[PDB]
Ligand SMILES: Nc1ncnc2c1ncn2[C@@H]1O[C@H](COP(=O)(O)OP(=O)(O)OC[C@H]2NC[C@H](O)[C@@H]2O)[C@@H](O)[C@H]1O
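Next up is one chain by itself, shown in structure tokens, the form solved without the ligand.
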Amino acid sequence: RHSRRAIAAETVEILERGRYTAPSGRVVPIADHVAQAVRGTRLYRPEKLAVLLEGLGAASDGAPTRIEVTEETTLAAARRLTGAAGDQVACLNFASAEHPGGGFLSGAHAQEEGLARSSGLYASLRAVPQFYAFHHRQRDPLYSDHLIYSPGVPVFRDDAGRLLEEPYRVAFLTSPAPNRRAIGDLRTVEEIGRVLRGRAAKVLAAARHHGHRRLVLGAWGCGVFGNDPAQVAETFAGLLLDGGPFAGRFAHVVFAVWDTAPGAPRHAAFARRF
């Protein structure tokens, strides 16, 4: 936890200073890109996303969607796609509903924190207090369909925390999965499923609306929040497969599921389904 805490503080300083030093000694500027990402950050309210959804697709098929299930971290998958083509990749941030970047500054270890230690994501999210205040006042573990869209966020660390010689940019989509853990059995499997489907549909709608043809998804809400990885995989499958609303709408979707737990159960659930 202490090493991650140090890296987080370093990232915040880097975001403040607007530059960092790569392993080669190169001093890399990022202030312009961070500032652009912040100025371009938008909060989408649930009803707004619902409209983006009621403006449902109506296009043809330039190609059949490539779907991959990998053991990559979110950012490893994004970096790989980014090197392969020039269109900006979008990544789902498995967001805390209450704290921008989750517990990254305290050294917590989960996907949002990895994103926050490795990029300008915190500068974007910290600028949308309305998202966090809404949930603090709600005190309901289902949270809401609110989403933060963060365009062109600079990414400048690898999985090991090493600063990059050459940073790259991705868009982030920040949407909290329901806290199934706090809910327990007081909502039905089907109720949770409906919440997941509606919210995932809005994430996909926002991505498509902002012109992202390539996405990095994964086991959204399957950490501390305790969602069922099979149900989450099924949620995305219903949207992307068997003639679902987003079938054929993306060029490439990666379910990047790095699971250190024994048996990598989150990964297995996605590999099974896709």
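In case it trips you up, residue 1 is the first one in the sequence shown, and so on.
Just so it is clear, the following notes concern the form solved in complex with the ligand, a form of the same protein that is not shown.
S.K.: Exactly one of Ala205, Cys222, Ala37, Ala233 has a non-hydrogen atom within 4.5 Å of the ligand in the deposited bound form; which residue is it?
M.R.: None of the other options qualify; the answer is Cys222.
S.K.: Counting only non-hydrogen atoms, choose the one of 163-171, 123-131, 89-97, 147-155 that falls within 4.5 Å of the ligand in the deposited bound form.
M.R.: Among the listed stretches, the partner-contacting one is 89-97.
S.K.: So in the deposited bound form, does any heavy atom of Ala110 sit within 4.5 Å of the ligand?
M.R.: Yes, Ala110 sits close enough to the ligand in the deposited bound form that at least one of its heavy atoms falls within 4.5 Å.
S.K.: Does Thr74 reach the ligand in the deposited bound form if we count a contact as any heavy atom within 4.5 Å?
M.R.: Within the cut-off, so yes.
S.K.: Does at least one non-hydrogen atom of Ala256 fall within 4.5 angstroms of the ligand in the deposited bound form?
M.R.: Taking the distances in the deposited bound form, the answer for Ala256 is yes, it comes within 4.5 Å of the ligand.
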